[PDB]
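Participant: PDB entry and its sequence, pasted below:
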Amino acid sequence: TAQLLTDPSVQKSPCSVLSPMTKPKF
Amino acid sequence: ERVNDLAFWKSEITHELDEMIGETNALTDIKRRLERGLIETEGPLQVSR
Amino acid sequence: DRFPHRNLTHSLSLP
Amino acid sequence: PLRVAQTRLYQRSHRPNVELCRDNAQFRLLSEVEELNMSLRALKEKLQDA
Amino acid sequence: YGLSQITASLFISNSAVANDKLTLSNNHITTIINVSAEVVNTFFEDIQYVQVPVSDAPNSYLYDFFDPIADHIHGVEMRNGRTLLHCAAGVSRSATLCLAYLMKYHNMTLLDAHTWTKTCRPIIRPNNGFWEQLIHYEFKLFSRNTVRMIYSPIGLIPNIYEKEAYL
Amino acid sequence: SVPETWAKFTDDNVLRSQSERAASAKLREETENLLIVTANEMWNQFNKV
Amino acid sequence: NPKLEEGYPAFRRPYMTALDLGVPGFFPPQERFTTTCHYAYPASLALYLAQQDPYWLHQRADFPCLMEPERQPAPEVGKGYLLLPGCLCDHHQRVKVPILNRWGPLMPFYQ
Amino acid sequence: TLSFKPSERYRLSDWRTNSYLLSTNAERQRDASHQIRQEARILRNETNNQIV
Amino acid sequence: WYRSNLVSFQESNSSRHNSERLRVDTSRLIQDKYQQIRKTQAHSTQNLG
Amino acid sequence: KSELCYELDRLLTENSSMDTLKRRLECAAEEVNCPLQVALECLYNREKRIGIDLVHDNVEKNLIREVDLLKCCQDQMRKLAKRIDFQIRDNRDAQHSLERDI
Amino acid sequence: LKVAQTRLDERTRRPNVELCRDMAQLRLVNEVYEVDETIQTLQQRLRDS
Amino acid sequence: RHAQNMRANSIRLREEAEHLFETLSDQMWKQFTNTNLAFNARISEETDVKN
Amino acid sequence: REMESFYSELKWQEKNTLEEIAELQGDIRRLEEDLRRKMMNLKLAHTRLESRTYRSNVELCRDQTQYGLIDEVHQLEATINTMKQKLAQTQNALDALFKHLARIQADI
Amino acid sequence: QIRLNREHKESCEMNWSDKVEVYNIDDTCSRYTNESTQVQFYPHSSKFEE
Amino acid sequence: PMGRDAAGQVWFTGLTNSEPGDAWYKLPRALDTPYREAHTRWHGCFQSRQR
């Protein structure tokens, strides 16, 4: 079997997937 | 500036004390495997005698 | 270096 | 999580002049690191028994 | 129409496209520079704005901003930014600053720089008063003139436009 | 002390500790080479029997 | 080439001095990713080489840091991809796609 | 008399790809990591110059 | 007269800033090229081995 | 049998996290009620103004607009609390099927 | 650049069955390409300077 | 397969759940903030009137 | 022979990788102290400005310096926002190495 | 009196700025979570606390 | 090291053996040379402040 292409936990979204972007506060 | 140089030289002491702690936990690893390297060798010795 | 399955050279620190 | 706790400790140590405190979060973070180290030692022991 | 990329980091449009947020978001534009003092655009977050005040008349002066704007585009290019050079209509003012940048940083004459811009955007027609200033700026950098000013029966127009003028 | 001497004291302090790591690093590499070899030499002799 | 019958005025196009005399057939003989072009982080010379050479990664232009290997471990099952580090995502780009660092079991003994 | 363990049984092809694809995965992340560092030096230079 | 003085001063500032930026970039670029050609030659050596 | 047992293990782990994710939403519902209630008392004092000072200014214009958005956000997380409640229940029925199989 | 071209020339001399397209051959060709690109970049920066 | 679809469906909901959590808490702060700026400039206008 | 040939490549990849990891950790500690440095320049422009508001009437006249410092604080603030995004990029490329350093060591 | 008023204003303002800084770093410390990639090993952070 | 195997060794403080050239003909240097970078930085800052 090949569970490294079909497992629902191996499918990670590509790119940084809305990487941490937050502006300084105050 | 005399406050500034003490802050610069403190970081390099602080940085270099990471690897000193890091190496010591690395050395303690191999020592435990060496302490155990001695223990099993009585096995082959006991069957040889 | 040497492959693990062919290692018969001891270190130079125990001459 | 050890990495998480240690980075939190670093950033808390960077509080500039005052307002860096022996508050409740600091004692907690130290205990997190210590307790997780204990759990790691237990895990290594069980790995080897296996 | 729309948006024309001149180099890897330089864009030319009109004011309406400059107000359009979707074009800015899709192209990751960071700096918007307004060559027109009459056009007012909404100021968007994440984009820093530059304004160059001048009018559209034969007596307008742009030689002053020829160098500092060209330096500013190169600086934001190293920092991996992108600039949008927009006029009121994108016909005359914005691309005059585009021509000045190409001669300074790409080692191309005005004739070669205008050739590239015309292929990239069809509607480019700088006014005559802006043409001498570009011709003066070319004799700066290279000490030779490829585009000169001539008197036609219509008037004093550049040699690039003389054939259709004679027609 | 003077500022030139004070910096050297701190700089040579880390260099002593830094050189201890490379002395410690060799011991970690030398030790594992012993652990590999002792298994090979024990196995070869256990075969000859 | 200017020939004898055309005459003297034709013999002005090729410039020569006394240096050039002696050559057979007497006349002077006549007349891809580049690094000069600006490139961003995921575009480099190695990325240009990342497909022809024995590694076969091809860029997906929609999501620039998602390369596709030509030699997939199981073409019968759905395709798999590799992820370039760093990078940046906008508007959440919801595609759950296979990434694979190695081929083997899901829970390995030696990790 | 020929008992085998009930574990996974990859063919010789799978072992080839895993060796290849793991190796080429490390060959591309060292260039990618290098480019991020290299560019970070360029940004660092211009910010220091500009504020002065 | 005042605007002429201002023009000259701005021109000098801009030219010097451009030159400084070029020097810093050139230094970094030369160092990177040195390192990269070394590494690239070493990899081919390993393949030949 | 092992394939059922392994998939049953990973199924439980995701189901537990959804239970916390459901609770986080409900917690965030009681949070927003506090700043929302202040903006209501904010508007009540602005009504008390006398004379010509009674004005629909940029303060009032942004303060009612704040109130609507906070109500909007509360409805959005209660809705996701509903659709996360069904999935947990279908996860449980999925779990029950696997257990009867093994 | 010289040493890479010399290596390539010498490896052209391999006998008939050994005249193989190996990964070292591919790497040497790529290395020559990259050295040429590096030289071009340096000349560009010289002209700019 | 059913345990696979049930598991894969759970993750897609959580991806929306956190992306929900980021966007609202981003939105509530900016609206709270912008109200105080408009609240600040209103006080200054009224106080200059009083003096 | 095939078993040996793959192992030597595995060790070569690991050695070159732990070169880059240690070296990349250098640029992370240089990025952080520049980011801390720029916040000192922001403190100056604020202090430069409010002291210039002590001026009064014709002293309180606006000038090029006041408008010049206006453009400094806006631009100094945008630089930190650019740099902060670049710092978080390098940390991602570090973490990718650590995961992939384990996997090369996993099979050696 | 004007001089005194201004002096105390600057002291209290510097207190305000310090609080702004500490608030920002505490906010990002709260934001830290075990999936984040900014997290890193900072040994002695448990041992050396001031 | 503190033990039976302990010995004596005199070592070079790095101020005599170094690469302090810092001109254009020593600039690219070597990968081998571990010049004292922290002390070179502090020294480089100290010279100008004294100047």
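Facilitator: Sure thing, it's come through. Numbering: from 1, shown residues only, chains lettered A, B, ... in the order given.

Participant: Going by neighbour count, which residues in stretch I:6-21 are buried?
Facilitator: residue I:21 (16 or more other Cβ atoms under 10 Å in any protein chain shown). (Each C-beta comes from the backbone N, C-alpha and C, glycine too.)

Participant: Stretch L:11-26 too?
Facilitator: Buried-residue list, stretch L:11-26, by 16+ other Cβ under 10 Å: L:14, L:17, L:20, L:21, L:24.

Participant: and stretch O:41-51, C-alpha only, in PDB?
Facilitator: The C-alpha coordinates for stretch O:41-51 follow below in PDB (Å, rounded to 0.1, in the frame of the first residue of the first chain):
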ATOM      1  CA  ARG O  41      33.900  44.100  15.500                       C
ATOM      2  CA  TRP O  42      34.300  45.700  19.000                       C
ATOM      3  CA  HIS O  43      37.900  46.800  18.100                       C
ATOM      4  CA  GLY O  44      36.600  48.300  14.900                       C
ATOM      5  CA  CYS O  45      34.000  50.300  16.700                       C
ATOM      6  CA  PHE O  46      36.400  51.300  19.500                       C
ATOM      7  CA  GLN O  47      39.000  52.900  17.200                       C
ATOM      8  CA  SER O  48      36.600  55.500  15.700                       C
ATOM      9  CA  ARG O  49      35.000  56.400  19.100                       C
ATOM     10  CA  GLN O  50      38.600  57.100  20.400                       C
ATOM     11  CA  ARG O  51      39.600  58.900  17.200                       C
END
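
Participant: Can you name the residues in contact with it?
Facilitator: B:1, B:5, B:8, B:9, F:3, F:4, F:7 (Cβ atoms under 8 Å, 6 or more residues apart in numbering or on different chains).

Participant: what about the third one, helix or strand, and which?
Facilitator: Taking DSSP states H and E as the definition, residue B:8 sits inside helix B:2-39.

Participant: what sits against whichever residue of chain L sits closest to chain A?
Facilitator: Scanning chain L for the residue nearest chain A gives residue L:8, at 3.8 Å (criterion: Cβ to the nearest Cβ). Applying Cβ under 8 Å, 6+ apart to residue L:8 gives the contacts A:8, A:11.

Participant: how near is it to residue E:81?
Facilitator: Distance from residue L:8 to residue E:81, counting by Cβ to Cβ, to the nearest Å: 40 Å.

Participant: And residue B:4, by the same measure?
Facilitator: The gap separating residue B:4 from residue E:81 is 32 Å, by Cβ to Cβ.

Participant: what does residue J:11 give?
Facilitator: 48 Å.

Participant: So these two - more neighbours on which side?
Facilitator: Using other Cβ atoms under 10 Å in any protein chain shown as the criterion, residue J:11 and residue E:81 rank with residue J:11 on top: 20 against 16.

Participant: which residue packs closest to that one, ignoring adjacent ones?
Facilitator: Distance criterion Cβ to Cβ, 6 or more residues apart in numbering or on different chains; nearest residue to residue J:11, sequence neighbours excluded, is residue L:3 at 5.1 Å.

Participant: element containing that neighbour, please.
Facilitator: Element membership for residue L:3 (DSSP H and E) is helix L:2-50.

Participant: Spell out which parts of chain I neighbour chain E.
Facilitator: Neighbours of chain E within chain I, by Cβ under 8 Å from any Cβ of the partner chain: I:10, I:11, I:14, I:17, I:18, I:21, I:25.

Participant: Can you tell me which of the residues you listed is nearest chain J?
Facilitator: Of all the residues of chain I next to chain E, chain J sits closest to residue I:10, with 41.1 Å by Cβ to the nearest Cβ.

Participant: Now do the SS call for the nearest residue to the closest one once chain neighbours are set aside.
Facilitator: Spatial nearest neighbour of residue I:10, excluding adjacent residues (Cβ to Cβ, 6+ apart): residue E:68 at 8.0 Å. Using DSSP: H, G, I helix; E, B strand; the rest coil, the three-state assignment for residue E:68 comes out as helix.

Participant: I'd say residue E:68 and residue I:14 touch.
Facilitator: Yes: if you go by Cβ atoms under 8 Å, residue E:68 and residue I:14 touch, sitting 6.8 Å apart.

Participant: for chain F, what spans make up the helices?
Facilitator: With helices called from DSSP state H, chain F shows them at F:3-48.

Participant: now, which of the contacts of stretch O:41-51 lie close to chain O?
Facilitator: B:1, B:5, B:8, B:9, F:3, F:4, F:7.

Participant: Considering those residues, which is situated nearest to residue L:28?
Facilitator: Of all those, residue L:28 sits closest to residue B:8, with 41.8 Å by Cβ to Cβ.

Participant: re earlier: burial measure for the residue nearest to residue I:10, as a count.
Facilitator: 12.

Participant: same thing with the one 10 residues further on?
Facilitator: Residue E:78 has 16 neighbours, counted by other Cβ under 10 Å.
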